[PDB]
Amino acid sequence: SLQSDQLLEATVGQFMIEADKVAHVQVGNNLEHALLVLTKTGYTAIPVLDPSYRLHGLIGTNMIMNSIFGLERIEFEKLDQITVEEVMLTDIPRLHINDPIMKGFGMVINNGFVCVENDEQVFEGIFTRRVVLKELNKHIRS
């Protein structure tokens, strides 16, 4: 939809995957629910929102397993005792729909995907390494 000479002036929002196509979980859900959504959907991490649909963090299976790998056994009972808010990653920089695409491009170096929000922290979608690679590979060819 965009030619090569338009790519570098686009915004993050024009290439993000929209929120209604991304499974998410809630800060108050337990880890078993998060693990089921991660396993069923097959994502490396999943957005964590509050009830107002606002973005709080990211949770992945490695975070969940780290909290239940116990001394002598896997303590699976803790999946029903710990909430995603206690385990999620919160130290991700925030990315906005109107931010220039290069800001997204730099952020996905260290982060597999970044959740995108608007100016009220409402979750709008995700910006991924694959999105960047898929679009860049199209334009390096041309």
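Just count from 1 along the sequence shown to find any residue number. Only the largest set of C-alpha atoms that superpose within 1.5 Å between the two forms is called the rigid core.
A.B. asks: After superposing on the rigid core, which of 89 to 97 and 59 to 67 has its C-alpha atoms sitting farther from this form in 4 other deposited structures of this protein?
C.D. replies: This comes out as 89 to 97, the stretch further from the shown form in 4 other deposited structures of this protein.
A.B. asks: Determine, for stretches 105 to 113 and 28 to 36, which one has the higher mean CA B-factor as deposited.
C.D. replies: Looking at the recorded C-alpha B-factors, 105 to 113 comes out higher on average.
A.B. asks: Between 117 to 125 and 6 to 14, which has the higher average C-alpha B-factor in the PDB entry?
C.D. replies: Higher mean C-alpha B-factor: 6 to 14.
A.B. asks: Comparing recorded Cα B-factors across 60, 51, 47, 42, which one is largest?
C.D. replies: In the PDB entry, the greatest C-alpha B-factor among 60, 51, 47, 42 is found at 42.
A.B. asks: By the record's CA B-factor, is residue 98 among the lowest, middle or highest third of residues in the chain?
C.D. replies: Within its chain, residue 98 is a highest-third residue by C-alpha B-factor, going by the deposited values.
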